[PDB]
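To keep things clear, I will list the structure first and then write my remarks on it.
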Number of protein chains: 2
Amino acid sequence: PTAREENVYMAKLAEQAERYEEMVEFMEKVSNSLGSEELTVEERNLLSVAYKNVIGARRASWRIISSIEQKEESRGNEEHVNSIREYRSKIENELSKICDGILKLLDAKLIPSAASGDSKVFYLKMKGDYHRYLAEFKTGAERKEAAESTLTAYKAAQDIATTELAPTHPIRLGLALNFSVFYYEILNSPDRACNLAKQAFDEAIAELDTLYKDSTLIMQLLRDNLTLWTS
Amino acid sequence: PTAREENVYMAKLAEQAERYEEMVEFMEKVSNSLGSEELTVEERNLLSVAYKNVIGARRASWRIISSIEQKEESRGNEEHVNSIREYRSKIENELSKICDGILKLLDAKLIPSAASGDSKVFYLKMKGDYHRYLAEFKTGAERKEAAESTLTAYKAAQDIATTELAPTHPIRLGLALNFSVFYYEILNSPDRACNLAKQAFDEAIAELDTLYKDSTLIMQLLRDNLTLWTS
Ligand SMILES: C=CC(C)(C)OC[C@H]1O[C@H](O[C@@H]2C3=C([C@H](C)COC(C)=O)C[C@H](O)[C@]3(C)/C=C3/[C@@H](COC)CC[C@H]3[C@@H](C)[C@H]2O)[C@H](O)[C@@H](OC(C)=O)[C@@H]1O
Ligand SMILES: C=CC(C)(C)OC[C@H]1O[C@H](O[C@@H]2C3=C([C@H](C)COC(C)=O)C[C@H](O)[C@]3(C)/C=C3/[C@@H](COC)CC[C@H]3[C@@H](C)[C@H]2O)[C@H](O)[C@@H](OC(C)=O)[C@@H]1O
């Protein structure tokens, strides 16, 4: 057994056990492990699922705490809001560390090793996703900065995805889902959001009509969002 | 607002956010906070729900990893088992710290402050529960020791519960559920387990027949177990 082999297995154990932080760590070793070559599809997916689950938990907590803050804030209960926001800060702190860790990994190892359209779009998308999560809770110039990095990353991913991957590709399809969610939720531009989602959903139907549980699911998400946003 | 007040609110926020470790911490402050008086019902319940969720996660991970170890162990795959058990140890380590933290809290503050049958049984039950979780993964003399502490604790809780709380009391009902699960799962004595569960379930039906979503649920659990164990 090899060290890389070990960590990947360990990662999959972590996943089964649902200790995502440890899954992240294992996949992070594997990543920093090799240099010239890039992560396999399985590995690349384990690394993102790991992070997705680590960030996801804080994101859900953030939302919960956030809506609670909103309600107490509107009831004038100023002592409750102070405790909620103090708690929120703690959560926004972990969100920041999490995004930082993966964003560093992306620029240092991940992106520089992308040897194909598949991985380049996968990694550039990730870059956009994590700056997007930062933008979700920031406000001042911090938000602008994160929103800008997000846009830059997604555009870069789209250029490649648009010319190198099939419209039915799940990575390209997910890039569209997230890119349009970005326009709707961070840039509050439902128009640019629906266009993008629509075009992507359409191009996929076309190709599917002329020429995976994977892509099918992502497309369902695009519909749920096209629907929802039309209201 | 008081420090105790703050931590309790914070704890409830932690619960909503599902960051149980932090919920435990907050309730632990509150606990070590007062001295003469004891935790309110709400507080006492928040403290146990906190721990329950913290220990529960490791317990579920442990089980997952454990069954995986079993399967690879039976396929002779000795390299996989070594990695699984190494991972398992890590989990058994957190289980131990978690049980230790709450068990110390029980002997130092919690139990010494129980001023009624309600709390004495609640805390003695907890004591039994956490030694039981230790017994779940131990084997040598470690298991014996934990199994013994469990039995001692549950018996002590039962004596009080049996004479001071109604058969329909959820704490007494839960003490029966756990005490009988202890006989079935740790002492591998389905007979002593079914008797206890049965008697408790019966005494509750009687009292309910002659003289809460709370007790109703616990009793359903007792049935599911009486049923299941009769197979
Ligand atoms: C078992 C765990 C691992 C190894 C992580 O695999 C999970 C999943 O990994 C793959 O799916 C990816 C994938 C996901 C799919 C949307 C899930 O599809 C279904 C129906 O299971 C979820 C993950 O987050 C993941 C890896 C991520 C992305 C995401 C990339 O951001 C940078 C946007 C697109 C999407 C792509 C990469 C999907 O291909 C597979 O195509 C999935 O479907 C199949 C064939 O069963 C499998 O369930
Ligand atoms: C909202 C969170 C808190 C404050 C923790 O309350 C959760 C719950 O807290 C109370 O329920 C307790 C209780 C639980 C009940 C079995 C849940 O009942 C239902 C239908 O919601 C779950 C918890 O683990 C807790 C606190 C624990 C125990 C356990 C004690 O071990 C030492 C064995 C018996 C049981 C007792 C103490 C139950 O009374 C209430 O009676 C519950 O039911 C009502 C009236 O809605 C409420 O949902």
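Conditions tested, residue by residue: (1) within 16 Å of ligand 2 (Cβ to nearest atom); (2) within 20 Å of the chain's Cα centre (by Cα); (3) more than 24 Å from A:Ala147 (Cα to Cα).
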residue: A:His169; (1), (2), (3): no, yes, yes
residue: A:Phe179; (1), (2), (3): no, yes, no
residue: A:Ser189; (1), (2), (3): no, yes, no
residue: A:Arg192; (1), (2), (3): no, yes, no
residue: A:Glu203; (1), (2), (3): no, no, yes
residue: A:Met219; (1), (2), (3): no, yes, yes
Restricted to the stretch B:1-56 and to residues being within 14 Å of another protein chain (Cβ to nearest Cβ) and outside any helix (DSSP H, G or I), the residue surrounded by the most Cβ atoms within 10 Å (Cβ to Cβ) is B:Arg19
A:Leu228 vs. criteria loosely packed, with under 14 Cβ neighbours inside 10 Å, in a helix (DSSP H, G or I) and away from ligand 2 (no atom under 16 Å from the Cβ):
yes
Would you confirm whether any residue within the stretch B:200-216 is exposed (fewer than 13 other Cβ atoms within 10 Å of the Cβ), among the charged types (D, E, K, R) and under 24 Å from B:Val41 (Cα atoms)?
yes
Anything in the stretch A:104-128 that is among the basic types (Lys, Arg) and over 14 Å from A:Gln158 (Cβ atoms)? List them, or say none.
A:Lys104, A:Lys109
Residue ID - farthest from the other protein chains (Cβ to nearest Cβ), chosen from residues in the stretch B:72-112 that are of a type in the set (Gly, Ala, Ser) and either within 20 Å of B:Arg143 (Cβ to Cβ) or buried (at least 18 other Cβ atoms within 10 Å of the Cβ) (or both)
B:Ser96
In the stretch A:171-204, anything of a type in the set (A, V, I, L, M) and more than 15 Å from A:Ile218 (Cβ to Cβ) is listed as A:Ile186, A:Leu187, A:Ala193
Which listed residue is over 13 Å from B:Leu105 (Cβ atoms), touching a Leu at 6+ places or on another chain (Cβ under 7 Å) and part of a helix (DSSP H, G or I), from B:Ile64, B:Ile84, B:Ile91
B:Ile84
Quick one: A:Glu18 ticks every box in (1) on the phi > 0 side of the Ramachandran plot; (2) touching a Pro at 6+ places or on another chain (Cβ under 9 Å) bar one, so which box is it?
(2)
Which one of A:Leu151, A:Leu226, A:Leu222 is within 30 Å of A:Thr139 (Cα to Cα) and either among the acidic types (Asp, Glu) or within 16 Å of ligand 1 (Cβ to nearest atom) (or both)?
A:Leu222
Against the condition out of contact with any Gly (no Cβ under 8 Å at 6 or more places or on another chain), more than 14 Å from chain A (Cβ to nearest Cβ) and small (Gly, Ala, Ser), how does B:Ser66 come out, does it pass?
no
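Neighbour counts are summed over all protein chains in view; Cβ atoms, including those assigned to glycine, are modelled from backbone coordinates with ideal geometry. FYI, it's all coordinate maths here, none of it is from the lab.
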